There are 6 protein chains.
Amino acid sequence: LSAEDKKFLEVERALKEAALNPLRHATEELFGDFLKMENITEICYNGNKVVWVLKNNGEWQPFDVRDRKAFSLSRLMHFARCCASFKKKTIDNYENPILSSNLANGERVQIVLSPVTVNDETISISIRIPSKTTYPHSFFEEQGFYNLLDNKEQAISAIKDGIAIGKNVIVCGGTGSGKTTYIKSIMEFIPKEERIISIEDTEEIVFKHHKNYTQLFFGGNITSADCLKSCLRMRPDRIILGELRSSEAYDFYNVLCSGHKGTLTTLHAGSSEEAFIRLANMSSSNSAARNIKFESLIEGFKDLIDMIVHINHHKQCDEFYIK
Amino acid sequence: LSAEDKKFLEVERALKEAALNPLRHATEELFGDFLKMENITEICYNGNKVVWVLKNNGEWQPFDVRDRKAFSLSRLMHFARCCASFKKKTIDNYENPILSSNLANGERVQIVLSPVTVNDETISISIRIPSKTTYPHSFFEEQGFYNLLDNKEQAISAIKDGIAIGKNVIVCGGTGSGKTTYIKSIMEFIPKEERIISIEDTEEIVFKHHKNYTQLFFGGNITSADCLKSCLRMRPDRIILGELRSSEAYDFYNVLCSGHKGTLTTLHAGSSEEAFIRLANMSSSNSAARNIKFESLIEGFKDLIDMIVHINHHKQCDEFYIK
Amino acid sequence: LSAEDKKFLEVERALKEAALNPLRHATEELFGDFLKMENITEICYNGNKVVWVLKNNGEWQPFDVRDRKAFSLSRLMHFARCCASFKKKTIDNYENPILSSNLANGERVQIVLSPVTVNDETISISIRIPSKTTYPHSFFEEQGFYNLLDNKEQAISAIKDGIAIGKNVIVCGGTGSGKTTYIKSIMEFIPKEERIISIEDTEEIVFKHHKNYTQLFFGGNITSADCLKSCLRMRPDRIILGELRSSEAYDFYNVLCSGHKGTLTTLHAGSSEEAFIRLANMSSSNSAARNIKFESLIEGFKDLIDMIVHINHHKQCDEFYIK
Amino acid sequence: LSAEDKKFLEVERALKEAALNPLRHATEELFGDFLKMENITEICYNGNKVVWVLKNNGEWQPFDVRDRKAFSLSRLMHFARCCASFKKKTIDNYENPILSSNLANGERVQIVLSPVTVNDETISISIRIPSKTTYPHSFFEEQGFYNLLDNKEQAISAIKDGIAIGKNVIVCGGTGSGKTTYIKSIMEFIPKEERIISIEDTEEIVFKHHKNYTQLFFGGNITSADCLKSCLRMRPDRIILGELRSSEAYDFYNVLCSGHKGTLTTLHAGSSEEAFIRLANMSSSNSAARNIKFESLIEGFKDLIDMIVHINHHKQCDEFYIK
Amino acid sequence: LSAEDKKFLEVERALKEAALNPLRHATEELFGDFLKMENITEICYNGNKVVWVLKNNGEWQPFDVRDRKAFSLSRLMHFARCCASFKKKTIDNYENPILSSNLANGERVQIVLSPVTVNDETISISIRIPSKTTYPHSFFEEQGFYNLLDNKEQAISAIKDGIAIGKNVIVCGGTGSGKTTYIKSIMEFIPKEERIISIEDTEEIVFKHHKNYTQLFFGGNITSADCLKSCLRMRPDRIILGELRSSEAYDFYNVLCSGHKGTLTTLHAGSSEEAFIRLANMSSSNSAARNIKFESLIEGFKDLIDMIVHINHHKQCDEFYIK
Amino acid sequence: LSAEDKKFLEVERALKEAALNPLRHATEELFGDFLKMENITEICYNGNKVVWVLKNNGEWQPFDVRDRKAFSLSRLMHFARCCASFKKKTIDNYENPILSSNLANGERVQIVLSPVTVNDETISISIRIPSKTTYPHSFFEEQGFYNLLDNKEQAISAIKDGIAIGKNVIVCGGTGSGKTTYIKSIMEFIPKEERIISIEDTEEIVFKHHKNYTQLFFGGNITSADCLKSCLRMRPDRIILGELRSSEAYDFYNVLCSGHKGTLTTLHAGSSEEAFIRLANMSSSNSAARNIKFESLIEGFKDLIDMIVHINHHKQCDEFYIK
Ligand SMILES: Nc1ncnc2c1ncn2[C@@H]1O[C@H](COP(=O)(O)OP(=O)(O)OP(O)(O)=S)[C@@H](O)[C@H]1O
Ligand SMILES: Nc1ncnc2c1ncn2[C@@H]1O[C@H](COP(=O)(O)OP(=O)(O)OP(O)(O)=S)[C@@H](O)[C@H]1O
Ligand SMILES: Nc1ncnc2c1ncn2[C@@H]1O[C@H](COP(=O)(O)OP(=O)(O)OP(O)(O)=S)[C@@H](O)[C@H]1O
Ligand SMILES: [Mg+2]
Ligand SMILES: [Mg+2]
Ligand SMILES: [Mg+2]
């Protein structure tokens, strides 16, 4: 089969690998060193000859590249273009000065050029390093994840038992707060017989205890809602929504209204009460919600969401909303 | 007549059977074995050389196909395309990566390709086996369908008598909860003289006790609402709506408002109170509902729906809402 | 004049009669026998070689046509097409599988073909036999039409006197409940000097006691609202709206708001309270109602509608709402 | 000047009078006799060889024309077309079966043809005779116009004094109730120095006591609102709105909100409370009202309208709302 | 500079002065005499050979022009056309029968032709004479402008002091009530150092005590809102809005919400409470107000507007709302 | 790298500097002298040969240019066009009479021409001088910035501590009130380790204590929201929004709802309570807010905004809203 599968992939691979190699060398050439760094969460470039790296410990570390070819207005632009074309987009100094794309391996990239940056020699790049490690839940308890909670044992058991029964759980907090990481470890408590479907933007979730599953990715023409909609047609036992965005927003409510099993998703929210408002908002953006009272959605999400876990900027649970 | 009916069908049959045969062999070739399995509810493929089958008893069973030609990226793609073309759709790795269609006999098929699947060697297929059996109502009582209810006799008699008088009844619950099945058996209690019209997506309902009837199917160009709208022009005594979707949603409310006889339909809802909300939601999606207060619909459905029956994941009634 | 009127009609008649004859023979050929049957209300065909006829007494009678040429897939399709073209529409197995048209004499026809019907040999036809008889009001009293009412004399006199004074009256109930028939007999109590205008879909109303009048028909490009709008420009004393549909819905409210005389109309509603909701709904569908509070319409119709009469499935008044 | 005015009008006159003459002879030819009848309010034809005329005393009088050439399907059609073309419209038996236009002198005409009329030999015409006489107010008092009122003197003086001060007054009631007439007589009490602007559909208002004035007519391209909008740019002391229609509806509210002087208009409403609702409705039809609470308009009109006078079907004031 | 400025203006001037001269002679030719008349406010023509002039004292004076060439259907039309073309518009007897334009000097003109006027010999013209005089505030006190007020000294001082501090003041009343005139005199109390920007339709405001200022005019493609929007970009100390219209309506609210200094504007409103409603209305017409509660605007304007002055038809303050 | 960076910029620089030089000389030629003046805030020209300059101390100073070539209708127009073309816009006396652009260095320019200005010799220019200086916070305390406050120490410490913790703070007041300035000094209290992203319209913010940062500019094709949206993808610790405009308005609410760190922005509002209303308004302009109750936004912003500081026209804090 592989002999035929290869000849069958040949055409697409050639095409893809004819746009992914130029980008691979450029990436390698510029941010290669930094990408090798362990425990980092972001790599930024403020077109000022210095590369700023954000570490898991929340510390920004600057690096000097004054004397490097890979950081020439031209060498930079070539990498920029490599990013646009990869995701089939264009990047220039007129109509498309701002850009959003990805690297060869999947990391999100944010590129900005003049006239949007302060001058014509400033090229702003911002790469987001996904969750590339899986620590067991126990690891989280050890590091004292539920230490700020007064319902410490109640929480540690709620999460374990709850998820095992298929409650709808939301993990929220700020950027890089460790939400994705957290949901990844608590997956240990989902019966290994459950068919799981995940909707991601970047492959981040890993299935260490589940043979039957399937991953879905949105981006470009295909939308987050498209994945979730397809998801509900693929007979899932558990649906792991990388992170509620805005498209899924409303369709997520309906999925909850049909009394759907184990839902687990991360979201940008500063707390439980906030998450609830956060959801109503995003839902109301969808036309289908047009005729539904706003304060009617919040109550709606408040009946459906079983438990919420919020994580502060110090990667620690500081709120464990239940029921 | 058959001699002319044949020559008259000849042209359409040729055309149809020139797109249905390629699909039949592919189907047969790949999921032939699995489709033959008794008491299954879904057949999934996660493009990882293993076929997962979900049994009626809720158990997932993996089957190895590492050494089968029918599971070659090419052999799989040919079957995929056969599905697209059958329902007159296209499936590719650019604009049409996700697909929804059917098999030669009517079973729903969900196909997903790269870039939506994790890689270019993953082809996700999800086949849903319809309700292909009819157990008498008595069979449900024997298996203790109304055993979790405290109003056990009241329930078993309500359903029987109610339906016989033409009350509006909704059967709700999760996917594969046995709703389609349940309504099919309780049809025994509808006077055999009643002209029945059903709106389905896949032939599933069977008329074992009714000579005068007619089945309607939506899909593609023709919408669920279209069928129901035509239905109301075909002089029905009972209308069996396969399952409230969203188009019919509002038009179903109006049909209830005109005080229509015996309505029976399945719906995705986790309970009685949920079904009510579920309906208001779907109704409000229809423009015609634009000027109608949301909390006005729920009350609306709550006056019209005579009785609701919810089935848990263990195929058992756990709620018997009435009046 | 007739000599010239004939030469003047010649062109249109030729055209019309060149599409109405093909349809006449086909009709005659297939459902000719059944159409001759007295006291029937519907003739259905479930493309299964059996013709089902619904009688006034609410009984379904099957007839075998296994051995009849008029019921050959081809012979059927020819009649089908004859129906489309007549009303200037198309009927096929692709974009136009469902059809709604009429017969040579005016009866509504509902035709459905594959892929909407279960298979390619099933052709569903449903003809609605209009009200083709006029029983005097006295006949209704004799058959005990107001017998279920406790305000028996009050009702029999209300209807008589009310209509004589030009109150707005609505006759509602299910399909074939005898509404049109009822309004037709109670017309006896409208001063013979009143100019009456009727808006129908199929000629059904007959003027036995009124010389000055005019009938209006909607269908195709011309809408129900168009007739009513023209109606209000033809100086009517009484307006008989065959049956409130949805277009007239709102324009009917305004007509009531201008304090218009004797309005009489039939409607699909299961009761008085229902009719009121039924109206608000239909009105809110019209854009012009966009800025009007829904609960504001119901109250609106409740101030305007003088009396409502509902008829159960046994062709008997079971509710006589007044004031 | 007349010598040049003639040569200057020559071109337009020729054109107009080349479409108005054909119509004049047809008119003359058919309804010539009837149009000559004194005290009539409508002339209808139900394409059944009989001409029905409605007299001021509310009596319908039938006239036989069985033996007249002017009533030949052709002779009738020629007159019909003459009406269409006059107002630059088309009338046929397909897309333009219904028609609304006018006669050589301005009377509204409603023409209906098959398929909208019952058959192809029925041509329905409905002519409305405008208010072609002016009876002094005193004449109304003599005929006992304010006789049903208990506030008889208060009413007769309110109208006189009120109007003299420029209050906003509405005259409402049914069709032909004598509203147009009533307002025309009460104009006697408007200081002769007032510049008056009227917005009509058909010249009906006459200025017997006012030298400074100007009449405006809407129809076709030009809308009722257009006239009123131009009106407010022509420095009016009094604005006589023939009859609130729907366009002016909202723009009338704003005109009242700017505290405008003497407004006088007729409206189709069955009473004071009704007129108020009637107004809110029509206002809410205008987009500009989109963001304005419905129950906010009624209160709005209720602050602005100074006094309303309703006339029953017997041409008598039966309600004299004030303040 | 003038030598070059002339050669620089040459092109535009030629063009403008090649359309303004034809209009100058026509104007001069027809309404030349009347325009010379002192203390007039409007000049109307009802195409009946008589010219009606409205004097400041509120008296209408007719003038006979039966024997004047300037009033020939042709001589009139030439002037009419001169008006259209000037403001780059068209005026005819078909699609553009109504017209709005201006004269060589800026006065608003309203022209109406058949079929909108009663006949083909009636040409209605209405010229509005702007405020062409500036009376000192003292002049207003002398003529007893604040004489009907009980808070006579409080009012005379409020206006003086208030405006000096930059409160938001609205002057409202009917047409020609003397609002523009009033605001023009009270400008005396604005510190001469304030940079003032005015948004007018016709130059009317005069700056007698302010060197630093700038006038803005809307008309044609440029809208009232455009001026105000530009205004807020020209660093104004005081903004004099000729008169709130409808475009500025909402943008005026926001300007008040940002806590902007000295706003002074005239408006058509019959009183303080009315002005407040008047504003909410106009604001709600703007899309940007779409999601803002109507009763939320009124309160909004009621917090922002510092003081309102209303003037009756006798050019006298009759309401001095404050705080 | 510089050798290649130059050859790489060469093409864009040539182009830009081929449109920026003409503008530089014109600028220099006309407002060169004024631009050199210290402590000014605006430079206006009212096309009347006098240049008005507004000084920091709020004083308007007139300068005579009667005898200068740079102020010739032509010389002025050339500079005007230079402005249009620079920002790729057009400026003429027909469709583009009003203009908004910038100067060679970034200062906003407002140009107005006839017919919008009073005549064809009036060319109105309004130049706004950005914040080109940075006074330490201490400097503000010395000049008694918090002197009008009663919570003087509480305020001076709130700002210092609050900002250090990353509270959301809004600085509001009138134009040129010193907001841009104020926020710039209080930046001293943001841990130097924070990555800061600013969204400006004109480079004004200066980073004196922050190495890791990036500036964003909107204008033309690129919108304020675009920058903020990109901002949220560039991993910011603090987001300095030049000044809430209207696009960001709603997207700012959501950013607050996700519980985002340190937000600091200036806004046009006359006070705390006003700012709150100001925000709800701007938010409701965005479609995404369509389904969100207005009074729901104000409460929303009132939960999220930590502290507001308002500055009167005398550049002094007069309100210090907290919590
Ligand atoms: N308990 C932990 N101990 C150490 N590092 C951790 C911990 N939890 C998460 N991380 C680190 O945090 C990063 C992953 O953060 P995520 O969980 O993806 O952040 P995030 O908050 O989900 O960001 P977005 O905006 O949602 S994509 C990786 O670098 C991890 O190694
Ligand atoms: N009192 C009666 N006795 C006997 N037959 C009746 C009576 N009233 C009505 N019918 C029969 O009922 C049929 C007419 O029913 P309709 O009055 O048109 O029904 P309908 O309810 O108005 O249907 P739609 O859906 O409104 S078109 C005819 O066959 C009649 O002969
Ligand atoms: N106190 C006054 N005494 C004498 N004439 C006055 C006085 N105030 C105003 N006028 C006259 O009124 C006219 C100006 O009226 P405006 O103040 O422009 O009217 P207006 O009400 O503002 O009209 P619009 O509809 O707003 S354009 C001029 O003819 C003035 O001479
Ligand atoms: Mg994450
Ligand atoms: Mg009927
Ligand atoms: Mg004015």
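Residues numbered from 1 in each chain as written, not as in the entry; some residues may be left out. Chains lettered and ligands numbered in written order. Heavy atoms only, no water. Residues with missing side-chain atoms left out of burial classes, pairs and counts.

Trainee: If you had to explain the arrangement of the chains to someone new, which residues and values would you point to?
Mentor: The two units chain B and chain D remain apart, with a minimum C-alpha distance of 13 Å. Chain F makes no contact with chain C, the minimum C-alpha separation between the two being 16 Å. (Contact = heavy atoms within 4.5 Å.)

Trainee: Please set out a positive patch on the surface residue by residue, giving values where relevant.
Mentor: Positive charge collects at one region of the surface, where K87, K89 and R245 of chain A together with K229 and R233 of chain F lie side by side. Note that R233 of chain F resides in the loop between α7 (224-231) and β10 (238-243). (Patch = residues over 30% accessible without salt bridge, like charges linked within 9 Å, V, L, I, M, F, W, Y side chains within 5 Å. Areas by Shrake-Rupley, 256 points an atom, 1.4 Å probe, with all protein chains shown as cover. Salt bridge = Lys/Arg side-chain N within 4 Å of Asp/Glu carboxyl O. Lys, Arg positive; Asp, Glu negative; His and termini not counted. Charge placed at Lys NZ, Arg CZ, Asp CG, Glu CD. Helix = DSSP H or I, 4+ residues; strand = E, 2+ residues; numbered from the N terminus.)

Trainee: Can you break down the domain arrangement of chain A residue by residue, with the values?
Mentor: How big an interface is tends to be expressed through the accessible area that disappears when the partners come together. All names here are of chain A. Taken domain by domain, chain A consists of domain 1 (20-130) and domain 2 (131-316). Placing the centre of domain 1 and that of domain 2 at their C-alpha centroids yields a distance of 30 Å. At the junction of the two partners, domain 1 supplies eight residues and domain 2 supplies nine residues. Between domain 1 and domain 2 the total buried area reaches about 680 Å² when both faces are included, carbon and sulfur atoms providing 40% of it. When the area that domain 1 buries against domain 2 is broken down by residue, the three leading residues are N56, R108 and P130, summing to 59%. (Domains from an automatic or database assignment. Buried area = accessible area lost by both parts, 1.4 Å probe.)

Trainee: Mind laying out the site of ligand 1, listing which residues take part and the relevant values?
Mentor: All names here are of chain A. In the vicinity of ligand 1, 17 residues are found, and the nearest of them are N56, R108, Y135, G176 and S177. At 3.3 Å from an oxygen atom of ligand 1 is found a main-chain nitrogen or oxygen belonging to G178. In the environment of ligand 1, an oxygen atom lies 2.9 Å from a nitrogen or oxygen atom belonging to the side chain of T181. Within the complex, the protein chains bury 91% of what would otherwise be the 660 Å² of accessible surface of ligand 1. (Near = heavy atom within 4 Å. Polar contact = N/O pair within 3.5 Å; in protein donor to acceptor, adjacent residues only side chain to side chain.)

Trainee: Could you give me a rundown of the interface of chain E and chain D, with the residues and numbers involved?
Mentor: Contact residues are listed per partner, giving 46 residues for chain E and 39 residues for chain D. When residues of the side of chain E that touches chain D are traced back to their parent elements, those giving at least two are β1 (40-46), β2 (50-55), α3 (73-86), β4 (98-102), β5 (108-112), β6 (124-128) and α9 (272-285) of chain E. The element best represented in the side of chain E that touches chain D is α9 of chain E, accounting for five residues. Tallied by class, residues from the side of chain E that touches chain D come to 17 nonpolar, 17 polar and twelve charged. (Nonpolar A, V, L, I, M, F, W, Y, C, P; charged D, E, K, R; others polar.)

Trainee: Can you explain the sheet that holds strand β4 (residues 98-102) of chain D? Please cite residues and give values.
Mentor: Residue and element names in this part refer to chain D. The strand order β3-β2-β1-β6-β5-β4 describes an open sheet built from six strands, whose pairing is antiparallel. What marks the edges here is a single partner per strand, and that holds for β3 (60-64) and β4. Recorded for the sheet is a direction-independent mean angle of 15° between the axes of neighbouring strands. Two elements, strand β1 (residues 40-46) and strand β2 (residues 50-55), share five bridges in a ladder whose sense is antiparallel. Each residue of the ladder has a partner; that of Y45, found in β2, is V51. In this fold helix α2 (residues 20-36) packs onto β1, β2, β3, β4 and β6 (124-128), with an angle of close to 110° to the strand it touches most, β1. (Pairing = 2+ DSSP bridges. Axes fitted to C-alpha atoms, helices over the stretch in contact; angles between N-to-C directions.)

Trainee: Provide a residue-level description of the interface of chain A and chain B, including the pertinent values.
Mentor: Contacts between the two partners involve 41 residues from chain A and, on the opposite side, 46 residues from chain B. Per-element tally for the side of chain A that touches chain B: the top contributor is helix α1 (residues 2-16) of chain A, with eight residues. The residue inventory of the side of chain A that touches chain B, partitioned by class, reads 17 nonpolar, nine polar and 15 charged.

Trainee: How would you explain the site of ligand 2 if you had to name every residue and give the values?
Mentor: All names here are of chain C. In the neighbourhood of ligand 2, 17 residues make up the surrounding shell, with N56, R108, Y135, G176 and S177 lying closest. The contact in question runs from an oxygen atom of ligand 2 to an N or O atom on the side chain of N56, over 2.7 Å. Here an oxygen atom of ligand 2 and a backbone polar atom of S177 are 2.6 Å apart. If one sorts the elements of the shell around ligand 2 by residue count, helix α6 (residues 179-185) sits on top with three residues. Of the residues assigned to the shell around ligand 2, the class counts are three nonpolar, nine polar and five charged. Split by domain, the residues of the shell around ligand 2 number at least three in each of domain 1 (20-130) and domain 2 (131-316).

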